[PDB]
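Participant: Sharing a structure, written as structure tokens. Questions coming.
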Number of protein chains: 2
Amino acid sequence: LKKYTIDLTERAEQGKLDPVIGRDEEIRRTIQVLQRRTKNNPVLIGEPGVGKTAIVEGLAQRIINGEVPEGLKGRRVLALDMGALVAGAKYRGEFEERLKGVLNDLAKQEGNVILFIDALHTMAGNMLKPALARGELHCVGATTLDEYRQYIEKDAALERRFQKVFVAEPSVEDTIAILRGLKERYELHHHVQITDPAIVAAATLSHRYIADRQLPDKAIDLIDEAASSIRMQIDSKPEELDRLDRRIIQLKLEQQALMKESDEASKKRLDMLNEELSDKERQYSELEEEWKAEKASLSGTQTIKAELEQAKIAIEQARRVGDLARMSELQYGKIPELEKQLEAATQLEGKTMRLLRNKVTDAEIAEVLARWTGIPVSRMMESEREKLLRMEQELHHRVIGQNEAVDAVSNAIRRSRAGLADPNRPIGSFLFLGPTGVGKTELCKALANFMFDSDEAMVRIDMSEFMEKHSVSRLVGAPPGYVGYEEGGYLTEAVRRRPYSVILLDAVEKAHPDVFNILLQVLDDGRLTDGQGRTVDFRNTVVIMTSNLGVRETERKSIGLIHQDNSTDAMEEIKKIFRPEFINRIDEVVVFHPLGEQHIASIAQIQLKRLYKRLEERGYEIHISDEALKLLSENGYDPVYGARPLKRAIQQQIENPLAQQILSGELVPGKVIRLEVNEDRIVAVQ
Amino acid sequence: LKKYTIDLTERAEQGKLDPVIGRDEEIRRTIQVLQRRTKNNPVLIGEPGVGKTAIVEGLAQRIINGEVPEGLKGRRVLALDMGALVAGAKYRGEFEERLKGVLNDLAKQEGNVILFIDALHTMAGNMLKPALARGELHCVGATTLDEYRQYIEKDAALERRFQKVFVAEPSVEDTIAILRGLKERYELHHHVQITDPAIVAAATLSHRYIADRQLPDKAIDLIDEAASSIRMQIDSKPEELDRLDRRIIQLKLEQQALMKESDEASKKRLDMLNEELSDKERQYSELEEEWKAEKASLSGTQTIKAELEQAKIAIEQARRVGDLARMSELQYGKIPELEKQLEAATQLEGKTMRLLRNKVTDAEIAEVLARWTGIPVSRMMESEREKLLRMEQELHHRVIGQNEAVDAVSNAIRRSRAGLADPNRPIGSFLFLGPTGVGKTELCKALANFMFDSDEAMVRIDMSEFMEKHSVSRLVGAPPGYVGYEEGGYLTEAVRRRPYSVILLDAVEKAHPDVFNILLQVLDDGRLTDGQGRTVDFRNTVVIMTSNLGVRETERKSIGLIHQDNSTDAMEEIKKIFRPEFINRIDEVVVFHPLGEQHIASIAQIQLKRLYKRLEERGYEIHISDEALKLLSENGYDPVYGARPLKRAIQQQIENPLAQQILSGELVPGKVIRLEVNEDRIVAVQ
Ligand SMILES: Nc1ncnc2c1ncn2[C@@H]1O[C@H](COP(=O)(O)OP(=O)(O)OP(O)(O)=S)[C@@H](O)[C@H]1O
Ligand SMILES: Nc1ncnc2c1ncn2[C@@H]1O[C@H](COP(=O)(O)OP(=O)(O)OP(O)(O)=S)[C@@H](O)[C@H]1O
Ligand SMILES: Nc1ncnc2c1ncn2[C@@H]1O[C@H](COP(=O)(O)OP(=O)(O)OP(O)(O)=S)[C@@H](O)[C@H]1O
């Protein structure tokens, strides 16, 4: 027992370990397990970073304070040491001799040690199950749920002797009570000051966007590491003193260079640099000496921090012994004086700590979490009126015409960012009708590039492939007997990879109606459960649906024809192909129009602009008359596609004779091109 | 104590560590990890040779300069001494005894000395875990990726003990700056001079051809071995001296035989050999003397290297301790003068160096890599445009005929590699018709064997197989839960293995127009989604499509008649059977004709080559009459299948009775065979 167990109550007796904060329902709960005659060995169940070892240790603090119930007193938690057990040796068989010897040793201690085990399922078990079953060994185990189920949930010793009690992770305010629990410990680790929006924003946003790990832990190493970064920033010499310091080192060692001067007559002219030397000396001693004043302020601050910690260790040892006159002479004696000189120190640091910032901001936590997640917290919390009001201009950068669409859609996005919508629905539910490549593709990449900040959030799934009855098994999930019964279909994998994404559904009318029913279910729910066996949320994505029934009616219906016509017979075609309660579950019915010749001209322009970039690579620009712009305007257009042969007319009239000529060497970089017209085409000239 | 530890800091103090170049950021991140109290122990995660130990030692250089922040002021780093554990460990158990005792007197140091351990996955050491749980020491680790992932991913304690730090393989340019750093160390240790394009081209070729190692280490080995080999040339006796040494030692053996003369008219002739001894000994003496002159001057400039480096060491320690008159003494004093007569020595080699060479150049680099890889210096001095011009000639070496294809397609490949169009396209997107066995895969393996230097970049696709809905399931992949998804798409298999491929397609019009549309997605964007759905990028890959619908008119338009008309009536029929989108996708509408009659004779003797090898292995030699060759040309040729029946017509017609005649003994080895013509059969004649 000298070799294999750590007395946790000893380190609690030195105050070497932190107090637990909160979670006394779990503590009392475990106390309600420890009382028990059989199942003397409880099983903690929880995730990493939860606090279960702190449950054990604060339980030991309740032991050493005697605040545990009577009879539970008299026994001492000495937890099983990791790596004292096997431990490390050349042979096999040592493991069982050590197991035996510690069982004889706890046998001769007569229960007065209660034995905690970290990670029960890893640490076999031959001599264990009898002494467990007798109840003589009053140990304690702790593991996770899933690794219990895979270590095993099943077998008779494990389910027999033990009692599983599981926990939750704490709530946001609960984590605030945690950080207000241990913030003094981290402050004397850190010697900084702490803002309250830093910790409530840390718990809230770390709660929201970190789905992997759990409370409290992600908040803990956010606050800890960020505060360490502030320690490194503070404890280094100030950057103005650094930028001065480099040229001042340069003049003081250039002074070393110019003491033994070669020409006292010819290089007597150096005395200007001797005067600048003295000026940099004066301003240098001023800036440095200001920083020494900061060092005196921060030094006295850390002293009254430390002496307040000594007052708290003293008052708590007075709680352990129960010396009440000692408690009064401490709490009236030391504490209010260090409180008032604390407030004088903090108001003085509110005054003169101009250059250095002991206070940490919520903005620091935003920067560190941006360095983990990748999203800037500017994008969370800039002027939301700036981005949300510039959104229309953002669209009319790369999506031309189509004002009604960007209005209704954009306002829907606005009230989505409001939070006024249902948290039991996906974000945006939209139907689009119109030609392809005229801006639909631009709309998807544009909007995912706006909110989801990249074009990658778009997921295209065509429904033209999905015709037969088996199409639902294709895109959703397979039946058994197949690997797709572990894989699922396309959609579940798509949102399964990208939680924050945009879903695109092309030519959606061709499918069987069995598709359309679960389409109604993802319209109602924002959830669906796959062949694999998991629920997949859609509360962080927007479904975008396109059909091509009345797209040969959408080329004509806008602008110049009535929406009641194509709405009547195409909603009638919905009545053939859906029920319009599905239309009740889409949010908007959005219609597009073909482009005016000015739009077509401008998308020819911005289509050329990337070629102007790639000639900016080589060293060229290009000037084009409205004649040749009418050639790309006429040849780049078709009624069936709109803008899709634009690249075709451009490459076929332009890219091949032009870069033909650069493969002839006829074109000199740094000499500008003007694409002047040919006979009836485009030709190139330097 | 003193026995059981290496201090790195006293080594960087005594210059025993190496200077580091350009890794500040991850050092800063490392300090940000090290300032924590828990999980404060970072793990360097990167490939071997990447710079991890150098990051450690350069951090110790910031220690020994005091450049560290005041959070890490005065803290110590001492490296592990495993060899002192086994020093004196006379019996088993004493190793772990000194391990724990050294762990104790380190454990009383308590954070002042911060340990580094490399190769942490190698580290028993379960006993080292609880002292880490106490934090009585402080550690830095360094291991690999999957070592970590099998290492502390399992131990939930150790993932709370540690933390990831990644170091990627750096820029080429900072690696050049690293060589700028230690180039004084390697020129001064290695006695020679090095130019900067040796560093630059060493980085370019070393980065290009060897990715198995990492930066910087491969370039370090190139420079180290390279310049050390130049110094081996300096050591080695020159070639005039050793050729003359051969001639004098033969002159001493032969003349010594002539000195012990017996014959009158034969051996009294020896005086001409004696004056030849006078000649070769004088010339050997003079070239010998000039070699001692070059070794004299080069020895002198080596001494000035040592003297100037002593000025560097003395000025650096002079800047450490701050000895003022020593800094003015050395800086104003030795280093300008030693640079003056240093330039007298480098100018002195600037004239006098005729016999030996000392400056490290790019030819030396190409030699040293040419002696590692065996890849010739011709390959490395090949520019892009060099093989772009050599494409016609080099493929005409293998593939004679089809000058349309090699010349025109060679122009097309120069256009694609040069930058004609949008880079989001496949490199080669054309149509290459022709019957089977007349040059198709011949030209495929020719192409990939030219531009990718191997035949293996090939996959062939049959559209006539692909008439169904499992077509797409075959070539690009079945959906999940379907047959063939285990095979996937064989296209996605070979392209997913080799991204630099050449794709063959066969008889395109027999397929379904889904594959014309999947095909149309291929010819656009330089990409495609597979049956799984993820993108398969095509911008590094040439596709080749045949159609056998011109088979008989291809085999008649083969010898003599121009093959442009095959291309154009191919545009007639194929334009009729297709849509003009796909027609505008392909750039050159090509068709592979069968070879000429004399070219058929060339193919025939090409197959005869290995046969004649087998013959002259045994002393045989077949001559062939051109007429019997012509009978093979009309016989083994198929107007349907080209010359595919020709090979089986060779073995089937002649070779089995040829085996009966060689094996008969009738045909005698050591004798010429001519393929004379006894009757309509071809029968060999001795
Ligand atoms: N409610 C809490 N009160 C105090 N500290 C807590 C609390 N929750 C978590 N912690 C801290 O979070 C860290 C991890 O919790 P632990 O006490 O080690 O238990 P754990 O998360 O279950 O880890 P285990 O038990 O080894 S799997 C410790 O530094 C705890 O002090
Ligand atoms: N910035 C640098 N300046 C100078 N030398 C460097 C630099 N980075 C890497 N090196 C060299 O690269 C060599 C190999 O890298 P290491 O520092 O050993 O880290 P490594 O990736 O762990 O290599 P190992 O030890 O073989 S696993 C070192 O010995 C240095 O000589
Ligand atoms: N242009 C050519 N030059 C020389 N030999 C050729 C040529 N074309 C075909 N051959 C011969 O015919 C054989 C088969 O033709 P290939 O070159 O492979 O064309 P193919 O379409 O792959 O026909 P296969 O291999 O039977 S599917 C080759 O192995 C050669 O022996």
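All positions are counted from 1 along the displayed chain.
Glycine is no exception: its Cβ is also placed from the backbone N, Cα and C atoms.
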Participant: If you check Swiss-Prot, which of A:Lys267, A:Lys469 turns up marked as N6-acetyllysine?
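Facilitator: According to Swiss-Prot, the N6-acetyllysine annotation belongs to A:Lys469.
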Participant: Which one of A:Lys16, A:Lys73, A:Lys108, A:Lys292 gets the tag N6-acetyllysine in Swiss-Prot?
Facilitator: A:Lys16
Participant: Select from A:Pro48, A:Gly434, A:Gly437, A:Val438, A:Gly439 the binding-site residues whose C-beta atom falls under 8 Å of at least one C-beta in chain B, and return them in sequence order or as 'none'.
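Facilitator: Going by the Cβ criterion (under 8 Å to chain B), the qualifying binding-site residues are A:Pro48.
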Participant: Within 10 Å of the Cβ of A:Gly51 (ATP 1 binding site), how many other Cβ atoms can be counted across all chains shown?
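Facilitator: Other Cβ atoms found within 10 Å: 24.
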Participant: Using Cβ-Cβ distances, find the residues under 8 Å from A:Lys440 (ATP 2 binding site) that belong to the same chain and are at least 6 apart in sequence, listing them in sequence order.
Facilitator: A:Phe432, A:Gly434, A:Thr546, A:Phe592
Participant: Filter the candidate list A:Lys16, A:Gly49, A:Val50, A:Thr53, A:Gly439, A:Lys469 of recorded positions, keeping only entries whose CB is under 6 Å from an atom of ligand 1.
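Facilitator: Checking each Cβ against ligand 1, the ones under 6 Å are A:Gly49, A:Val50, A:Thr53.
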Participant: Of all the binding-site residues given, namely A:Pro435, A:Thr436, A:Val438, A:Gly439, which is spatially nearest to A:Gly49 (ATP 1 binding site) at the Cα level?
Facilitator: A:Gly439
Participant: Of A:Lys16, A:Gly437, A:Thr441, which is closest to A:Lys52 (ATP 1 binding site) if I measure between C-alpha atoms? They're all recorded positions.
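Facilitator: Nearest by Cα distance to A:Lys52 (ATP 1 binding site): A:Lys16.
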Participant: Which residue, of the binding-site residues A:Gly46, A:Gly49, A:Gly434, A:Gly437, A:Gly439, has its CB surrounded by the fewest other CB atoms within 10 A?
Facilitator: A:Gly437
Participant: How big is the Cα-to-Cα gap, in Å, between A:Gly437 (ATP 2 binding site) and A:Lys469 (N6-acetyllysine)?
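Facilitator: Each residue's Cα considered, A:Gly437 (ATP 2 binding site) and A:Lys469 (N6-acetyllysine) end up 30 Å apart.
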Participant: What number of additional C-beta atoms lies within 10 angstroms of the C-beta atom of A:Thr53 (ATP 1 binding site)?
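Facilitator: Its Cβ shell of radius 10 Å holds 18 other Cβ atoms.
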Participant: Using A:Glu47 (ATP 1 binding site) as the reference point, find which of the recorded positions A:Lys16, A:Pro435, A:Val438, A:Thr441, A:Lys469 has the shortest Cα-to-Cα distance to it.
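Facilitator: Nearest listed residue in space: A:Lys16.
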Participant: Within 10 Å of the Cβ of A:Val50 (ATP 1 binding site), how many other Cβ atoms can be counted across all chains shown?
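Facilitator: A count of 23.
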Participant: Any idea what DSSP makes of A:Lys440 (ATP 2 binding site), helix, strand or coil?
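Facilitator: Its secondary structure by DSSP: helix.
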Participant: Check the DSSP secondary structure of A:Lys16 (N6-acetyllysine), expressed as helix, strand or coil.
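Facilitator: Coil, per DSSP.
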Participant: Could you tell me the C-alpha distance between A:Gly51 (ATP 1 binding site) and A:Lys16 (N6-acetyllysine) in angstrom, no decimals?
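Facilitator: Approximately 17 Å lies between the Cα of A:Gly51 (ATP 1 binding site) and that of A:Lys16 (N6-acetyllysine).
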